Amino acid sequence: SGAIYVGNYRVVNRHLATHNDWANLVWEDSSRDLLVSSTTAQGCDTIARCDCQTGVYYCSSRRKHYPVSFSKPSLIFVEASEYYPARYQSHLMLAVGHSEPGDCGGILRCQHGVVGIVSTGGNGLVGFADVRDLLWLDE
Ligand SMILES: CSc1ccccc1N(C)C(=O)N1CCC[C@H](C(N)=O)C1
Ligand SMILES: [Zn+2]
C-alpha cells in the first residue's frame, strides 16, 4: 500500500485504487498500473524531473528503505496476476531488490524527489511505475 500526494492529486497503483478514488478520478492508465484522483487538501511531495538511475525505495515487507540502481522506463512483460492478465506494462523500471505483493505503493526517491512507486516484482527483483514524465502533476 502507499500513495504520492502532490498538489491536489493522489497517485496510487491502479490495481489498489479504493472506491473513494474512482469516485474522484483525474487520469488512469491500465498499461502503466497508475491512477490519479483529486484531493481536497494540498500535498507536499515533489516529483523528480531527471534521468537518475540510482535512488532509495521503501520496502514495507522488510520495514526498510533500500538504496538501488534501476533501469530506464520501459515496456516490460508482467506475468498474469489476480489484477491483470499477462501483458506488457509500460513506463516500468526494474531493480535488484526484495519485494512481495503488499509492497506496491512504496515510494522510490532520488536527490530530485519522487521518481515512482513499487508496482511489480520477481525473485530478487522489484519494479517501479515511473511518474517523472507526468509533467502535468506540477501544475
Ligand atoms: C510487488 S508485486 C510482486 C512482488 C514479488 C513477486 C510477485 C509480485 N507480483 C505478483 C506482481 O508483480 N504483481 C501483482 C500486483 C500487480 C502487478 C502489476 N503491476 O501487474 C503484478
Ligand atoms: Zn533524480
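In terms of the authors' numbering, the sequence shown opens at residue 7 and continues consecutively. Idealized CB from N, CA, C, for every residue including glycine.
- Judged by DSSP secondary structure, residue 27 falls within the alpha helix (DSSP H) whose first and last residues are 25-28.
- Near ligand 1, meaning a beta-carbon closer than 6 Å to one of its heavy atoms, we find 21, 39, 84, 87, 89, 90, 95, 105, 106, 107, 109, 110, 124, 125, 126, 127, 128.
- Taking C-alpha positions only, residue 118 is separated from residue 20 by approximately 24 Å.
- Under the DSSP assignment, residue 71 falls in the beta strand (DSSP E) whose first and last residues are 70-75.
- Taking a contact to require three or more Cβ pairs closer than 8 Å, the segment 37-53 and the segment 67-74 do not qualify as touching.
- Counting the other CB atoms within 10 Å of its CB gives residue 107 a total below 16, which places it among the exposed residues.
- For residue 133, the enclosing beta strand (DSSP E) stretches over residues 131-136.
- The C-beta separation of residue 115 from residue 121 comes to about 6 Å, placing the pair in contact by the 8 Å criterion.
- Between ligand 2 and the CB of residue 117, the shortest heavy atom gap is smaller than 7 Å.
- 8 Å or more divides the Cβ of residue 67 from the Cβ of residue 81.
- Distance from the Cα of residue 32 is smallest, within the candidate group 38, 24, 17, for 17.
- DSSP, read as helix, strand or coil, puts residue 55 in coil.
- By the Cβ neighbour-count rule, residue 102 is exposed, with fewer than 16 other Cβ atoms within 10 Å of its own.
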